[PDB]
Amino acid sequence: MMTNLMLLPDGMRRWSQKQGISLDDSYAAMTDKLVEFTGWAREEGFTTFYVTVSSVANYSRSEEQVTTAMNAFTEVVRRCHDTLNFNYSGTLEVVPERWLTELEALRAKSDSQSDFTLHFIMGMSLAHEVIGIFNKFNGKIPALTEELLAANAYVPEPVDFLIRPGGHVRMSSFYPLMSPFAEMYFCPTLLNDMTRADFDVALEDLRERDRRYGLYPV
């Protein structure tokens, strides 16, 4: 069984306020922690490590906040892109061109033959995703099929495991469209405080679960 993993990052402002440090340093710690998380996910045999980078609404923040966040996320790819396959998707039209250009170049320079993939999803929002798909195919086809929908969703496959640190038990705009049976794990520990042990007990929890897919066992 080949599994994949998805991380929902949040709590950089909470960590910066809690520590009495700047938002920029909090995001630098987020970059370090995300490099760590990518390493851990690769060590644990996950085929793809998904990171829900941002929602559409996040790009309504101030220019500086968007620059800091997008730079922090991009630095992860700058550091690890040489040894893995990098890809990205989402509501790309709301992402500033600077980051689309740099992330495209980094995607071109990544090892597309690697057995491990880091995938960023930016501008996540089920409303915008569905509206984009509908408008793309509106009137041009007799009916939308599961295959087309799967081929045009932001996340190109069902997600197996989903982890959200930071104490919020909610999905926000990050729920994957084609993942009805994804397993969810929440923990109060902030992302920048997550240790390898926290990750490991999370994986104990997630791998302990019996996956039914809506059916009774046989």
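The term rigid core refers to the most C-alpha atoms you can superpose between the two forms while keeping them within 1.5 Å. A residue's number is simply how far along the shown sequence it sits, counting from 1.
Between 57-65 and 176-184, the one whose CA atoms sit farther away in 4 other deposited structures of this protein (rigid core aligned):
Result of the core-fitted comparison in 4 other deposited structures of this protein: 57-65 deviates more.
Do you reckon 137-145 or 90-98 strays further from the shown form in 4 other deposited structures of this protein, measuring C-alpha RMS after a core fit?
With the rigid core fitted, 137-145 is the stretch that strays more in 4 other deposited structures of this protein.
Looking only at CA atoms, which has the higher mean B factor in the entry: 61-69 or 26-34?
Mean CA B-factor is higher for 61-69.
Averaging CA B factors per stretch from the PDB record, which one is higher: 75-83 or 136-144?
Here the higher of the two C-alpha B-factor means belongs to 75-83.
For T101, the third of its chain into which the C-alpha B factor falls
Tercile = highest for this residue's CA B-factor.
Give the position of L203 by CA B-factor within its chain, expressed as the lowest, middle or highest third.
Answer is lowest: the recorded C-alpha B-factor places it there.
Where does the C-alpha B-factor of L215 rank in its chain, lowest, middle or highest third?
Its C-alpha B-factor, which the entry lists for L215, ranks in the middle third among residues of this chain.
Chain thirds of CA B-factor: placement of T117
Middle third.
For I21, does the deposited CA B-factor place it in the lowest, middle or highest third of the chain?
Ranked within chain, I21 CA B lands in the highest tercile.
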